[PDB]
Structure formats: structure tokens, C-alpha cells
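In the block that follows, a single chain appears as C-alpha cells, in the form deposited in one PDB entry.
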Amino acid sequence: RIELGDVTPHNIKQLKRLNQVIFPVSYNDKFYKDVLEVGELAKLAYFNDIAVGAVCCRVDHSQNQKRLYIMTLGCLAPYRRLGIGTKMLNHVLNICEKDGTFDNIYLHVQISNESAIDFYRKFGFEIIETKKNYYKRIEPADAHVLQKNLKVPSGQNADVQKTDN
């Protein structure tokens, strides 16, 4: 069984320890300070009561839009075929679906991370941008921006709803 748990000051050191092993990118103290303030947008992932993963998100107001930014999402390498990634993603997509007012969900990923690209493609995410030297020192340093459109038409019925045509 997979369980998601809250990120508190009691277990933030555990999230940092998992993040430090899963990702080659060093996150600073301000990153872990912000995670303690996003509520349900940050979760620890548990498999048979053992912490093997985490998802950290924030609300972003870039591009004159209401966006959900997935900062980090991942599991320890031996636990990537246990549906923990799906549980974590369906959790953040639920916070968004319930909200109804988000324009999109987006994240950065190295261009060579095919397992993550293909995973996100299952939930409707597409490559919308490629950023040269988005990361420092790691190879490849080039990142794809993966985005899922969350915009739902506002209007009580068909005649007042603006959508694709």
C-alpha cells in the first residue's frame, strides 16, 4: 500500500534526504522553507510505511496565468514501478481539478529523461518548450518544459461557454 503524508518540520529533513538522492540538483534552505507553506501541494510518498518518494509543488502566476508548478516529483530508483508516481501526480491533479481556476500545470525535466517524458505524456502533458543550459553542471543541461492545459470553460451552459471550435 501507497500512502501520502504531509510535509511537517518533523519530516522535512527526510524529504531533503530523499530529494538529495533522487535528484542531482541541490535545493537551498529557502526551497524547503516554501514547501512547509504550500499545504497539500507537498507530500511524502510511503510504500509499506517506508518513505521512498516526494512531490513538491507551488502556485505560480507567470505568463499572466494561474499555473501549478511541479518543482520536484520522484521516487527512489527501486520504487519507480509501484504506481507511486501516479498516486503523487493524481493527488496534485485533484487539488487542481477541484479548484477549477488553473490555466495549466507545468514542470522542467532534462531532455534525455525519456521515462519521465513518457510518464507525463499519459496524463496529457506535452513538450511546449526547450531551454538550453537550464540546469548547471549536470549532463544534459538542456530542459524540456512539459505542460498540461487545465483551463475549463466558464459558463452555466453550452451557449455561454467559450472552447475549442
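Don't overthink the numbering: it's just position in the shown sequence, from 1.
The following text describes the form deposited with a partner chain bound, which does not appear among the structures shown.
Within 4.5 Å of any heavy atom of the partner chain in the deposited bound form lies no heavy atom of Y32. In the deposited bound form, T130 stays away from the partner chain, with no heavy atom inside 4.5 Å. Though the partner is left out of this view, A51 does reach within 4.5 Å of the partner chain in the deposited bound form, counting heavy atoms only. By the criterion of a heavy atom within 4.5 Å, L76 is counted among the residues contacting the partner chain in the deposited bound form. Taken together, the three residues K87, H91 and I95 all stay farther than 4.5 Å from the partner chain in the deposited bound form, as judged by their closest heavy atom.
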